[PDB]
Amino acid sequence: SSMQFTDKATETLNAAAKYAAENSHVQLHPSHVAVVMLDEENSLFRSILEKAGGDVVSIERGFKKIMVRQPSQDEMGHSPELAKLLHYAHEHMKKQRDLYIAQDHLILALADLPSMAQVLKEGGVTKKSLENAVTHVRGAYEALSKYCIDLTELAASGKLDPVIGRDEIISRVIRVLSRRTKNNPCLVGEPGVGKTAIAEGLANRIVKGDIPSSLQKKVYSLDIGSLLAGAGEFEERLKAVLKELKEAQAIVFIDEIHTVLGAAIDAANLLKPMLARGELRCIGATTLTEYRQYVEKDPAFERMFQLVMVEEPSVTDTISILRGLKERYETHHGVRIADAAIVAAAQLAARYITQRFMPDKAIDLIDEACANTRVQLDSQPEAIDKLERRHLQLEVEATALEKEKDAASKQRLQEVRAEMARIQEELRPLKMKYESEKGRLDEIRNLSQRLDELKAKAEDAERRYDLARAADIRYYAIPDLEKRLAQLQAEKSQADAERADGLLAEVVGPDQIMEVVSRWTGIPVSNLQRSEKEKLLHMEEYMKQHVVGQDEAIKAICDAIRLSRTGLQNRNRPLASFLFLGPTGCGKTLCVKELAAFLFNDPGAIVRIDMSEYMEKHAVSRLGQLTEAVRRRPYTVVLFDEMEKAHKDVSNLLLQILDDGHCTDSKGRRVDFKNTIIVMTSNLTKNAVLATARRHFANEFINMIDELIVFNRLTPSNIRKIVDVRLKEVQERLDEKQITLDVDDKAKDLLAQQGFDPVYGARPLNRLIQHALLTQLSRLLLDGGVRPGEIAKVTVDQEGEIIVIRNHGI
Ligand SMILES: Nc1ncnc2c1ncn2[C@@H]1O[C@H](COP(=O)(O)OP(=O)(O)O)[C@@H](O)[C@H]1O
Ligand SMILES: Nc1ncnc2c1ncn2[C@@H]1O[C@H](COP(=O)(O)OP(=O)(O)O)[C@@H](O)[C@H]1O
C-alpha cells in the first residue's frame, strides 16, 4: 500500500486514473495503466513489446477490450486487480534491489496478472520474451609490441599530455578516415608543428568515446627505425606488423612515412596492395616537400591518401598550447610557471629561434627553464655548505688534538671547540629553515604527482565499470591527498610571507626564460628584454650605427616597416617595397644588409637577383629559382640590383606579388611573399632629381611601391666619419693585444681624399686600408716593431704615403 514510486511511474498512474475517469469508470484498472503506457510519447512499454516480438496493434486492442468492459457510473478507487498490479510491481522492485517502483516494474507486473498476461501471449510475447527485453534495457600481438607504440594505451594510462587547439583537424582526420576513397589522412607539416600530437589527440578521443562507433580502434604508431635495427629481414618484420594490424583491425600512424616509400629500404609494394584492398587504414606524417616527391608523384598513392595540412601555430595559439601543458611541467619539475614566462617563451622563440617551429621550440624553452629552476632548488645552499665544511675541518682537528697533552694543544683544542659551537649557533637555524621549506615543497610535488596518477587510474576504473576501485579512489584517496596538499599550500604561503626575502625560488618567470634564450643564441640578456615596440621605435638608431649620412633614407625605410608591423598595411601585399634611387657607393646595399639583420634575425637571409642576366625574354621561367628561394627561407629581403636591366616580363611579375601577396610557381604552387621585403636599386637639389625619375617610369608599377628614396652624396663631414668608423674596426681587433692606433690628421685626410671616389663612393676605402695601413702594420706586429700595450703611431711620410711609425728596431 504505502510504497514509493519514481516521478515517471507516478505520472503513469495518475494518467491511468485520468483515462479511467474519461470513460467514466468507477475505479482504476490495470488495462488503463497498460494502455496509457503504450500511448506515451516514445513509449518504453511499446519499445519493449516490439523488441520482445509482439504485435503492438493487437496487444493494444486487446488491452482496450478488457478496459471497455469495466463498470461505469455517473473519488477514484483502485480495483482489487490494480492493488494486485502494485503488489507485483513492488515485488519486482525488491527482487531487482531497487528502491523506487519504476515503469519497468509496472511492465513486468502486467505479466503477472493472468488477465494481462493473456493479451500479451496473443500478441506473441512469452514471459521469457518479456523478461529478457526488460533486463536488457536496464543494463596478445607479438610484432606490434616489438615495433609499434600502442598510442591508445598511452592515452588510457594518462601518460600523454593534453592536445590543445587542434579539434578542427582531429575531426577532419575522422571524416577522412570515413570516406569511401582518399580515406587515409597524410598529416603534412614541418618538424615540431604537432603532427604526432594530432595522432595522439585522436587516440585520446577514441579512449573517451568522442568518436563515431566506426573508430573504436586501437591506434599504433609504427617505429620505422625499429624495423631496420638488426639485419632482406626488413620486409619480413613489416609483413608481420601489417598482418597483426589487419586483424586487430587497427589504425596505423606512420611518422616519416616517406622513408618507407622511397627515402633506408623501400616497402611501397608491401603497403600499396593492402591500402588499396582497404585492409589497412593509415595516418601518415611527412613534410610538404617530401609529400610532393613521394606521395603525389605516384598516382596510386594520391588516390588513397588525403593531404591534411598542419600549419605552425601562431604566437597567440602557442601561448594557449603552453597554458594547457603548464600544469604537466609544473607537476613534473615541482615548480610554478608564471604566465609571463609562458608569454615570453612564445614571443622569444618566435623571434630568436628562427630555424625551428612552434610549439616544439617554446615547450623546449619551458622544459629547460623548469629544469634549471629545479637544479637550483635541489642544490645545497651555499651558506649551509660553507659552515658544514668548516665545522668538519674543525672536528677532524679536534679529534687529533683530543689526546695531545702539551699546554699548546689543550689551548688550541679549546679554540676549536669555541669555533665549532659558534658555527653550530649560526648553522642550526639556517638548516632547519631549509629542511622545512624544502621538505614542504617536495611534498607538494610528490602529492601533486600522486593526484594525477590517481585521477587517471580512476578514469580507467570508470571506463571499465570497476565501481569499487573508482569509488576507493574518487571519494577516499583523492580527497585525502587534496586536503593534505591544501594544508601545505597554506603553510607555504604563510612561511613565505614571514621570510619576506623578496625571492621566488621555485618560480619560472621571464628572467629564467631569457637565461635560456641567451644561452641558445649567445645574445646577451640585456639585448633580449627590449620589447618589439622599443626595438621598432629605435630602429633608426640601429641603422645609424653603420649607415652614415643617410638619415632621410632611414626615416623613410623605418616608417614603412612600422606601417607593416602595426597591422595598418593590406595583408594582400608584401611587408614593404622600396625603390632606392641614389648614387652608388652611398649605402644602398648596406641598408639591405641592415634590414635582414634587424627584421629577420639573420644578416645573411638576403636573396640577390642580378637583373642583367634575367634580361632574357624567357628569363621568367628560370624565375623556377625565384620561387624556391622564398619558399626555403620565407623570412627574407629580396634585392633587385640593376633594376634598369629588368625586362617588362619581370617588371610585371612583381606587380603580382605586390598587389596579390604571393607568386605562382611554374608548376602551379603558391610561394608565399607575405613576409618578404622587396628592394630595387637604380642609378637613374634633391627636389630636382626626384622628378628626373618621374620622367621615365610606368605609373602603375611605381605607385604599387611604398617608398621611393633619393640618397644624398657623402659630404666631406660624412667622409671623415666613415673613415673614423673603419679605423674603429681596426682598433677593435688590436684591443686583445692592448695596442692603440693613433692616426693623425695627415693620414685621415689621405684616407679621406684617396679612399673616396666621386661615382663609386666608399668602395675603395677598404683596399686602401689593407694596402696602405694594415700591410705594414702586420709587418710590425710580427718583427717586434709594435708590441702589445703600445701606441702604434700612424702618419704620412715626406713622399706622400701612409706610414706606421715603428717603436723598435729589427
Ligand atoms: N596542439 C598541441 N598541444 C599540445 N602539445 C602539442 C601540440 N602540438 C604539438 N605539441 C607538442 O609539441 C611537441 C612537438 O610536436 P610533435 O607532435 O612531436 O611534432 P611533429 O610530429 O610534427 O614533429 C611535442 O612535445 C608535442 O607533444
Ligand atoms: N654611408 C656609408 N656608411 C658606411 N659605410 C658605407 C657607406 N656607404 C658605403 N659603405 C661601405 O662601402 C662598402 C661598399 O658599398 P656598397 O654597399 O657596395 O655601395 P652601393 O650598394 O650603394 O653601390 C660596404 O662594405 C659599406 O660598408
# chains A, B, ... in the order shown; residues from 1 in each chain; ligands from 1
$ residues_around --residues "segment 377-391 of chain A" --least-positions-apart "6" --cutoff "10 Å" --atoms "only C-alpha atoms" --output "ChimeraX atom specification"
/A:334-335,371,397,416-417,419-424,426-431,434,438,441-442,505-506
$ residues_near_ligand --ligand "ligand 1" --cutoff "6 Å" --atoms "only C-alpha atoms and all ligand atoms" --output "PyMOL selection string"
chain A and resi 162-166+191-197+321+359-360
$ closest_atom_pairs --of "chain A" --to "ligand 2" --cutoff "8 Å" --atoms "only C-alpha atoms and all ligand atoms" --output "JSON lines"
{"residue": "A:546", "atom": "CA", "partner": "ligand 2", "partner_atom_place_in_ligand_line": "4 (C)", "distance": 5.5}
{"residue": "A:547", "atom": "CA", "partner": "ligand 2", "partner_atom_place_in_ligand_line": "3 (N)", "distance": 4.2}
{"residue": "A:548", "atom": "CA", "partner": "ligand 2", "partner_atom_place_in_ligand_line": "1 (N)", "distance": 4.3}
{"residue": "A:549", "atom": "CA", "partner": "ligand 2", "partner_atom_place_in_ligand_line": "1 (N)", "distance": 5.9}
{"residue": "A:550", "atom": "CA", "partner": "ligand 2", "partner_atom_place_in_ligand_line": "1 (N)", "distance": 6.6}
{"residue": "A:582", "atom": "CA", "partner": "ligand 2", "partner_atom_place_in_ligand_line": "22 (O)", "distance": 7.7}
{"residue": "A:583", "atom": "CA", "partner": "ligand 2", "partner_atom_place_in_ligand_line": "22 (O)", "distance": 6.9}
{"residue": "A:584", "atom": "CA", "partner": "ligand 2", "partner_atom_place_in_ligand_line": "23 (O)", "distance": 3.6}
{"residue": "A:585", "atom": "CA", "partner": "ligand 2", "partner_atom_place_in_ligand_line": "19 (O)", "distance": 3.7}
{"residue": "A:586", "atom": "CA", "partner": "ligand 2", "partner_atom_place_in_ligand_line": "8 (N)", "distance": 4.0}
{"residue": "A:587", "atom": "CA", "partner": "ligand 2", "partner_atom_place_in_ligand_line": "8 (N)", "distance": 3.6}
{"residue": "A:588", "atom": "CA", "partner": "ligand 2", "partner_atom_place_in_ligand_line": "22 (O)", "distance": 3.9}
{"residue": "A:589", "atom": "CA", "partner": "ligand 2", "partner_atom_place_in_ligand_line": "17 (O)", "distance": 3.9}
{"residue": "A:590", "atom": "CA", "partner": "ligand 2", "partner_atom_place_in_ligand_line": "17 (O)", "distance": 4.7}
{"residue": "A:591", "atom": "CA", "partner": "ligand 2", "partner_atom_place_in_ligand_line": "17 (O)", "distance": 7.8}
{"residue": "A:714", "atom": "CA", "partner": "ligand 2", "partner_atom_place_in_ligand_line": "1 (N)", "distance": 7.0}
{"residue": "A:718", "atom": "CA", "partner": "ligand 2", "partner_atom_place_in_ligand_line": "1 (N)", "distance": 7.7}
{"residue": "A:722", "atom": "CA", "partner": "ligand 2", "partner_atom_place_in_ligand_line": "4 (C)", "distance": 5.3}
{"residue": "A:725", "atom": "CA", "partner": "ligand 2", "partner_atom_place_in_ligand_line": "4 (C)", "distance": 7.9}
{"residue": "A:760", "atom": "CA", "partner": "ligand 2", "partner_atom_place_in_ligand_line": "23 (O)", "distance": 6.8}
{"residue": "A:761", "atom": "CA", "partner": "ligand 2", "partner_atom_place_in_ligand_line": "9 (C)", "distance": 6.6}
{"residue": "A:762", "atom": "CA", "partner": "ligand 2", "partner_atom_place_in_ligand_line": "12 (O)", "distance": 4.5}
{"residue": "A:763", "atom": "CA", "partner": "ligand 2", "partner_atom_place_in_ligand_line": "14 (C)", "distance": 4.4}
{"residue": "A:764", "atom": "CA", "partner": "ligand 2", "partner_atom_place_in_ligand_line": "12 (O)", "distance": 7.9}
{"residue": "A:765", "atom": "CA", "partner": "ligand 2", "partner_atom_place_in_ligand_line": "12 (O)", "distance": 7.3}
{"residue": "A:766", "atom": "CA", "partner": "ligand 2", "partner_atom_place_in_ligand_line": "13 (C)", "distance": 7.8}
$ residues_around --residues "residue 23 of chain A" --least-positions-apart "2" --cutoff "12 Å" --atoms "only C-alpha atoms" --output "ChimeraX atom specification"
/A:16-21,25-29,32,64,67-74
$ residues_around --residues "residue 363 of chain A" --least-positions-apart "6" --cutoff "9 Å" --atoms "only C-alpha atoms" --output "list in words"
residues 321, 322, 325, 342, 345 and 346 of chain A
$ select_by_dssp --residues "segment 273-427 of chain A" --states "helix (DSSP H, G or I)" --output "PyMOL selection string"
chain A and resi 273-276+288-296+299-302+315-333+339-352+360-378+382-401+407-427
$ closest_residue --among "A:713, A:573, A:333, A:374" --to "residue 553 of chain A" --atoms "only C-alpha atoms"
A:713
$ atom_distance --atom1 "atom CA of residue 109 of chain A" --atom2 "atom CA of residue 84 of chain A"
8.8 Å
$ closest_residue --among "A:561, A:34, A:743, A:623" --to "residue 795 of chain A" --atoms "only C-alpha atoms"
A:743
$ residues_around --residues "residue 593 of chain A" --least-positions-apart "6" --cutoff "9 Å" --atoms "only C-alpha atoms" --output "ChimeraX atom specification"
/A:603-606,637
$ atom_distance --atom1 "atom CA of residue 137 of chain A" --atom2 "atom CA of residue 15 of chain A"
23.2 Å
$ closest_atom_pairs --of "segment 140-235 of chain A" --to "segment 291-298 of chain A" --cutoff "10 Å" --atoms "only C-alpha atoms" --output "tab-separated table"
residue	atom	partner	partner_atom	distance
A:186	CA	A:291	CA	8.5
A:187	CA	A:291	CA	9.5
A:188	CA	A:291	CA	7.2
A:189	CA	A:291	CA	9.5
$ write_last_selection --atoms "N, CA, C and O atoms" --output "PDB file, in the first residue's frame"
ATOM      1  N   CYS A 186      47.070  12.026 -44.567  1.00  0.00           N
ATOM      2  CA  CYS A 186      48.508  12.232 -44.517  1.00  0.00           C
ATOM      3  C   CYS A 186      48.799  13.610 -43.919  1.00  0.00           C
ATOM      4  O   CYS A 186      48.779  14.620 -44.628  1.00  0.00           O
ATOM      5  N   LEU A 187      49.079  13.639 -42.612  1.00  0.00           N
ATOM      6  CA  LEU A 187      49.419  14.880 -41.918  1.00  0.00           C
ATOM      7  C   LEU A 187      50.707  15.448 -42.497  1.00  0.00           C
ATOM      8  O   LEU A 187      51.750  14.793 -42.475  1.00  0.00           O
ATOM      9  N   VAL A 188      50.628  16.646 -43.054  1.00  0.00           N
ATOM     10  CA  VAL A 188      51.755  17.276 -43.719  1.00  0.00           C
ATOM     11  C   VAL A 188      52.039  18.619 -43.066  1.00  0.00           C
ATOM     12  O   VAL A 188      51.189  19.520 -43.082  1.00  0.00           O
ATOM     13  N   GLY A 189      53.230  18.744 -42.496  1.00  0.00           N
ATOM     14  CA  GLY A 189      53.714  19.981 -41.913  1.00  0.00           C
ATOM     15  C   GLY A 189      55.177  19.824 -41.564  1.00  0.00           C
ATOM     16  O   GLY A 189      55.778  18.757 -41.732  1.00  0.00           O
TER      17      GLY A 189
END
$ select_by_dssp --residues "segment 264-506 of chain A" --states "strand (DSSP E)" --output "VMD selection string"
chain A and resid 281 to 286 305 to 309 336 to 337
$ atom_distance --atom1 "atom CA of residue 578 of chain A" --atom2 "atom CA of residue 349 of chain A"
29.1 Å
